[PDB]
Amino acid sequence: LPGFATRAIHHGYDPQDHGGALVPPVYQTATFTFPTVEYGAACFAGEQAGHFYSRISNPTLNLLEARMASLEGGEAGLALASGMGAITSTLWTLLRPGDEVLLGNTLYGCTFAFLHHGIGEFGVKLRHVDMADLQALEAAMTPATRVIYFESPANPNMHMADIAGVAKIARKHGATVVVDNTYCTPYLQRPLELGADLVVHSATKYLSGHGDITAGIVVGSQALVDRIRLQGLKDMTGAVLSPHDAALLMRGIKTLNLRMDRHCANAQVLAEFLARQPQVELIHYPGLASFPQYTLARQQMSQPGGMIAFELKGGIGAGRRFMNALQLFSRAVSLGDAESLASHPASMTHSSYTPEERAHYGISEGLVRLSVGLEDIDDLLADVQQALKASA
């Protein structure tokens, strides 16, 4: 097996099948023609290998899918119009009324809304559990539990789950484990190699790396991915990725290892800085020895990532003023871009929650989240220092 960087650049592509083109040509085409109608009819049956319509399958997208599967260590992949496209296409195809889903305690806002105000209003039972407390997860398992879905680390407090420990319990009771691996990427964490069945990404984030597309990835077994493609995507969401955006995603993926290395090194220095500052009340960063689940972090992630969450002593007022004072960091949702970003999740990413749900599921009101970018670390520190003075 070649190394991660070699596969992120080369896997699934030989230039000699495409006129020698070093870069794969872009199949910006909705439909594909047939030499005979029996050949075309065989394609629709699955009996012959080929393409007919890009919503179902497209060669540019397939190469992206194969490459991402290789990177996650899984069998098959599916590319979609957004991260929400990944999650919704996936869960619509795996759940039906009366099924129960076990959720991580804290979730990305639109995932939470999808579950509670979307598929949960169509007869699917939901129950939130602390996926780091394996006793409690075991106790919450019923025979109607079909899916355990969580993020590790969680957006946005960085709460972790023991993935292999959860997978053990799901094997024991017969549930499908679905992990949102957006924050880490396959470069830092591979939930399929720890017993998960499916992983989902917002490829909008680190995998793209440059903030210029919206996209989603699903990786897992050929059996599960084929059902998500032919039902979730085809019929229930229609979240088709543009070949153009798929080509850019592949372009971004070729520097993933180099980007994550720099994201992680910048974030480590910044986290250590913030931990020594008088205005900071507390800080969640997996790379800090004070991180509650530091041991599990080093067990599961090869590096501590580029995301930091912290609270300021002065509460929401100080957080507002910290944020307005930033000149190099931009005030924006999203993450995993070259540009450093900051946000207040209660008023933004986690707006979809009520005040009561945020307090119950762990989204504080004075919390700020930083996506640490690829800028020079001295420039980012100088920006942060002066914003802390301004926060008071």
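For every residue, the number given is its place in the sequence shown, counted from 1.
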item	value
Stretch with the greater mean C-alpha B-factor as recorded in the entry, comparing 209-217 against 312-320	312-320
376-384 versus 12-20 - greater average Cα B-factor per the deposited record	12-20
Highest recorded Cα temperature factor - choice among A246, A267, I283, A203	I283
Out of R229, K125, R190, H263, highest CA B-factor residue	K125
Relative C-alpha B-factor of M131, binned into the chain's lowest, middle or highest third	highest
Third of the chain's Cα B-factor distribution that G98 belongs to, per the entry	highest
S330 - Cα temperature factor, lowest/middle/highest third of chain	lowest
Record-listed C-alpha B factor of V225: chain third	middle
Among modelled residues of the same chain, the CA temperature factor third for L367	highest
